[PDB]
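Visitor:
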Amino acid sequence: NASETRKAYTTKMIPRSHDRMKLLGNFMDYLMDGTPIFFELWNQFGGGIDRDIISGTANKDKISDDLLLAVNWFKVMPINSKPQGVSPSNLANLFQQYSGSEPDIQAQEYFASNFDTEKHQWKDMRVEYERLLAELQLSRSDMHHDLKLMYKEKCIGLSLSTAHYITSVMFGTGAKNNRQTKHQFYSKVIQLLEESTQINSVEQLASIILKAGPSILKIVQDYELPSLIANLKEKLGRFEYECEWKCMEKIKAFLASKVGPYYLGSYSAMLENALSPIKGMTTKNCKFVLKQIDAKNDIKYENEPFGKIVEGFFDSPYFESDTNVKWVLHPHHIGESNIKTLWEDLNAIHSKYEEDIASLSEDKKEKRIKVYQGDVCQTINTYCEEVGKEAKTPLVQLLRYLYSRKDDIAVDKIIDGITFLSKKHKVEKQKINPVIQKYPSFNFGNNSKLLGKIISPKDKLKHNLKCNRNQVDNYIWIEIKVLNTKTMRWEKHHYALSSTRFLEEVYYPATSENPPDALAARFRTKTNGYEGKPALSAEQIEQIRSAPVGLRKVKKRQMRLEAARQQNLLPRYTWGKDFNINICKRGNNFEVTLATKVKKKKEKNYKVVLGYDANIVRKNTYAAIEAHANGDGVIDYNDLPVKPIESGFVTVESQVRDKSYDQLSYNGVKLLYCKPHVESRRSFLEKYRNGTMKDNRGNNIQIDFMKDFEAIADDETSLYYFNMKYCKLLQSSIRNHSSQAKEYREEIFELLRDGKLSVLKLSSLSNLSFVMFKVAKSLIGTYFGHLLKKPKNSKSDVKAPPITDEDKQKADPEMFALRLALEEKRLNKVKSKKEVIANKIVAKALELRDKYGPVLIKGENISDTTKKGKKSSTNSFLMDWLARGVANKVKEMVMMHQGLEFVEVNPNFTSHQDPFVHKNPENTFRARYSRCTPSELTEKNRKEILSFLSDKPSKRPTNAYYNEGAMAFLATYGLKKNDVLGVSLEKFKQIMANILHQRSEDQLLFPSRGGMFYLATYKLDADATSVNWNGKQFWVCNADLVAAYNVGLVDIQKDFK
RNA sequence: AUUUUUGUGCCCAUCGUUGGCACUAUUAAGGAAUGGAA
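Residue numbering for the first sequence is 7 to 219, 238 to 249, 260 to 1091, as defined by the deposited numbering.
#1: Between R1043, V626, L628 and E370, which has its C-alpha nearest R990's C-alpha?
#2: Please confirm if the segment 914-926 is in contact with the segment 659-673, defined as three or more CB-CB distances below 8 Å between the two stretches.
#3: Assuming contact is defined by CB atoms lying nearer than 8 Å, are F536 and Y15 in contact in what I supplied?
#4: Under 8 Å, do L802 and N701 count as touching if we go by C-beta distance?
#5: Since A657 is in the beta strand (DSSP E), which residue starts that stretch and which ends it?
#6: Taking the continuous alpha helix (DSSP H) assigned at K321, which residues delimit it?
#7: Extract the residue ranges of the alpha helix (DSSP H) inside the segment 850-932, only unbroken runs of 4 or more that lie entirely within it.
#8: Measuring alpha carbon to alpha carbon, tell me which residue in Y437, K457 and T375 is nearest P351.
#9: Whole angstroms is fine: what's the gap from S988's alpha carbon to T375's?
#10: Pick out whichever of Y509, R976 and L706 has its Cα sitting closest to the Cα of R1043.
#11: Less than 8 Å between the CB atoms is what I'm expecting for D1055 and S699, so what's the real figure, rounded?
#12: DSSP three-state label for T1059, please.
#13: My assumption, with CB atoms under 8 Å, is that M806 sits in contact with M758. Please give the rounded CB distance.
#14: For the alpha helix (DSSP H) containing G486, name the first residue and the last one.
#15: Going by beta-carbon coordinates alone, are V937 and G893 separated by less than 8 Å?
#16: Are the beta-carbon atoms of residue 1 and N730 separated by less than 8 Å?
#17: For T17, count the other beta carbons within 10 Å of its own beta carbon; 16 or more makes it buried, fewer makes it exposed. Which is it?
#18: Using a threshold of 8 Å, state whether the C-beta atoms of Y296 and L289 are closer than that.
#19: Measuring CB atoms only, is the segment 618-638 touching the segment 1053-1068, in the sense that at least three cross pairs come out at less than 8 Å?
#20: Just to confirm, are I617 and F476 a CB contact at a threshold of 8 Å?
#21: For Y656, does the count of other Cβ atoms within 10 angstroms reach 16, so buried, or fall short, so exposed?
#22: Are the CB atoms of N120 and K465 nearer to each other than 8 Å?
#23: Pick from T992, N502 and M304: whose alpha carbon is nearest that of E424?
#24: For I196 and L485, what's the separation of their Cα atoms in angstroms?
#25: Does DSSP put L164 in a helix, a strand or coil?
#26: Do you know how far the Cα of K808 is from the Cα of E926?
#27: What separation, rounded to the nearest whole angstrom, lies between the Cα atoms of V293 and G40?
#28: Within the same chain, show all residues whose beta-carbon is closer than 8 Å to that of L1019, passing over the 5 residues directly before and after it, in chain order.
#29: So what's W48 in DSSP terms, helix, strand or just coil?
#30: Quick check on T519: does DSSP put it in helix, strand or coil?
#31: Residues bridged to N623 by DSSP?
#32: Mapping DSSP to helix, strand and coil, what is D442?
#33: Are the beta-carbon atoms belonging to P678 and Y1052 less than 8 Å from one another?
#34: Please classify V461 as buried or exposed, where buried requires at least 16 neighbouring CB atoms within 10 angstroms.
#35: Please go through the same chain and pick out, in chain order, the residues whose beta-carbon is closer than 7 Å to the beta-carbon of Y817, but skip the five residues on each side of it.
#36: Is it a yes or a no for the segment 535-552 touching the segment 50-61, going by three-plus beta-carbon pairs under 8 Å?
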């Protein structure tokens, strides 16, 4: 009914007096050893659950009652823990022994679920419970009664209450003798004499009954047909009928010895930090096991042979590599269902060789088999490329071992085996959520939490005037209560930290009167709408320019903040006790994290829908569609009316010498200014130009590495692209020379570390760039394997391993170190793309809201949504980290502003969809065309068209739109298939132009597999040109832009009623 | 309650002209793809 999202604010604990700091240090220290016992004990508290205790409880999201008990009786911890371990057999009988019922089918999976046999084992919590009543020696029924109550206040099982609340019921209600009516009603009885008024028909006595409505029915006819001496007796008896915690006191006292004197703030803080894992794990593992068998059950589990033989290629001759690392097989390999088509062709020519083999079937020439051999690969090679051309690329080497057993297994079975393999292989390898208390951290909320409060901005300049200090200091201050161990008292103290980002965001204060009003978002973000670009003043420039390089960057963000406040450009920020301080201490370092909660009623009635495509493979594109559109351009979608407001590529330009440098678009500088570095890398190759390759057909061919390198080294080419392609080339050359595996030691470092334009030095955000790193990692890893091996091959029990990495780094720590560093930047480099894409998506999303209204962001991601029923595997995995991360980030970001909503959506194969044309009212598919000059048209393109039009039947409904385009091709220019055949490309481009000169046109286009040009019914591209394709008017625009709109269209109607 | 030298990151043939940017925290596991064009 309301959005509740709080933003975190990281800060640098600012060291103070060594002694002062130490006081906090211990306080922190004591707490740590304090909450751990609660975690070990509350464990036991959950280890005594009773079937009767849960009786009538229910309120479980479709959760087997028996199953729930299983997670509290005992869980999985570490091998060496306080509680006693258990066996993966008696386990099933224990539940039956404890509950008098063979374990349900939901709790049976939990026990079956895998876990670290190496470092973990299940531990009986019920035993520790019996053990719990051992030392405490509390009465079984006593404890059980007390316990039973705990479950009523959700202090056990699931949906537990606030830590403080649980600490205000167990060790709360501080009153020596002050209960519901202890010193109030009891004193009233003696007060009757004090006032000496006849205690008959007192109006106040009636009001409880009168305000609240046998005995009670006899009070309504009290004197209508003054007894009040029966009410007292009844009250005493009614008060004696009620009961409260009895076993609690022994428990409280026990803690004291270990935990220490009890305080709500601590006794409650220590518990919250301790019980976080317990509650989480239970909820988590429970959710996990709930859906664990969800697919596992109905999920086909019978084609093991298919999967078993499918992988046989991993252990087949086909699988050859250095790292010897087996990767999970998937449907995407083999073009999935697509590969079905190609089998026929293979067998068709296979039979032929078998037939041609009959006619010349003699030991005279075995070259036929070798030639039939090479021919095959080529087909696969084209087939893998072709299919990958517009959809990744299936493994061609894996297809070699897949055909090997042609008669072995069937084609359909293989596809069925791949799907089965896909789930079981990994889906089943999801291990069990173990429960272990990790580093804790207590915060200081305004109220109903640990005593605490951050220096007020109104009392910051008011208390600074008393000390006569600079009206403002770039340092945040805060004060909270704490416990001095030595004195065991409740004292207070002041400490401050400087989160620069937080100063500008919402801490720095605007002194000037009539300053700008705060934004709804309440944060000084440029996205929120504060450029924060104040005119850098005279002294400020001196302040920046003259400062040291190190802090030089921070001071700049420092001087701009003060100038904005000086020029009154600093918008006012509303302030409240809405900040929670989170303090965590590691070593002598304390990681303080402050964040506030944000709430905003959801904008359910949206009039603008924005869909984005964060595709790692293709360029990112943003599209916004107006909902309930009314205007000159309107399209009725399924009796729903809208128009496309705008469509554009997501670009992140970076100010550099007055030149926009897109982080996702850049791919390196021109090889013209990269001549010196290029020459050195080129000089390296000459020594090792000798290498062995493999013919497209399959016969390995030996070639000079340089020739490929030369084509690679051109001024027009980019340094980034060449840098990857170099490693790929560098990979292979060193491969041909495993002997000199330590001879490429220097070059590598230069190439990715000390090198002038090292991959580490310069790193773009373009898809190709991340490519360098992955390819980068392979090369270094590829170096060790060839570098680390025994001279003799296939000996001493099939060679040996690469001594992990732990003992494999000893060979070259620097090298190993580089990889860590290389990875290190990649992860941060990966984060950047995610956070950055969100800002731009949000912004344009936000921009639209301001001009049109509340808008929805349609995103392609598979959320942990309810897909119970029918799910599609093709759409199962079509989004990588970028797609996921962005969507999740956006969904996280959307929490900040009003009128913004984020909806996840199963990824689809929308690559040839038509704007406001698909599923409206019927489905309309088209082909991917590409425009280009007649001057440069390769044979590949010339033969590409032939592929589609080739008279070949295909039951599978795929590539049918391509043929129509081809036909459309001919008819469009009014030509004939045979009017052009085997005319190379010299007489092929000559024909168009005459046909192009007659229509006075240029750069003709055609349907290309995975092109950048598409024919759309509507103008989805502002620069899109209008043209009639085969007598049909269409809007020429970039396919990427069209894709964005398609994503937005998917199930748009479901979110409008 | 005075520290006044820093919250975390990203981009670049010219690490600076005030170069140009973006971000919610711990934690958890895992983390399969030889493509460049203002």
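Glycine included, every Cβ here is placed at the ideal spot set by N, Cα and C.
Guide: According to the structure shown:
#1: Selected option, being the one with the closest Cα: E370.
#2: The answer is no - the segment 659-673 does not touch the segment 914-926, with fewer than three Cβ pairs under 8 Å.
#3: Between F536 and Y15, the C-beta spacing is below 8 Å.
#4: One thing to note: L802 has its Cβ within 8 Å of the Cβ of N701.
#5: Start and end: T655 to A661.
#6: Note, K321: alpha helix (DSSP H), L298 to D332.
#7: Segments of the alpha helix (DSSP H) lying fully in the segment 850-932: 915-927.
#8: The residue with the shortest Cα to Cα distance from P351 is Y437.
#9: Their backbone Cα atoms lie some 7 Å apart in a straight line.
#10: If we check each option's Cα against that of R1043, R976 comes out closest.
#11: Rounded, the Cβ-Cβ distance is 17 Å, inconsistent with contact.
#12: In the structure shown, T1059 sits in a strand (DSSP, three-state: E or B).
#13: The C-beta separation of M806 from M758 comes to about 4 Å, placing the pair in contact by the 8 Å criterion.
#14: For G486, there is no enclosing alpha helix (DSSP H); the residue is found in the beta strand (DSSP E) stretching over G486 to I488.
#15: Contact flag set, yes.
#16: Lying before the first or after the last residue shown, residue 1 is absent from the chain, which here runs from 7 to 1091.
#17: Burial call: buried.
#18: Yes, these two residues count as a Cβ contact at 8 Å.
#19: Contact fails: fewer than three Cβ-Cβ distances are below 8 Å.
#20: Yes, the pair counts as a contact, with Cβ atoms nearer than the cut-off.
#21: Flag for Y656 reads buried.
#22: Taking 8 Å as the Cβ cut-off, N120 and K465 qualify as a contacting pair.
#23: Closest option to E424, judged by alpha-carbon separation, among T992, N502 and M304: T992.
#24: About 40 Å.
#25: In the structure shown, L164 sits in coil (DSSP, three-state: anything other than H, G, I, E or B).
#26: Straight across, the Cα-Cα distance linking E926 with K808 is about 28 Å.
#27: The alpha-carbon atoms of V293 and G40 are separated by roughly 5 Å.
#28: Excluding sequence neighbours, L1019 sits near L971, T972, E973 and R976.
#29: Here DSSP, grouped into helix, strand and coil, assigns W48 to helix.
#30: It is coil, neither helix nor strand.
#31: Per DSSP, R620.
#32: The three-state secondary structure of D442, taken from DSSP, is coil.
#33: Yes, the Cβ-Cβ distance between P678 and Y1052 is below 8 Å.
#34: Exposed, by the Cβ-count rule.
#35: Setting aside the 5 residues that flank it on each side, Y817 is surrounded in the same chain by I768, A775, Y778 and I782, each with a C-beta closer than 7 Å to its C-beta; the list follows chain order.
#36: Two segments are said to touch when three or more pairs of C-beta atoms, one from each, lie closer than 8 Å; by this definition the segment 535-552 does not touch the segment 50-61.
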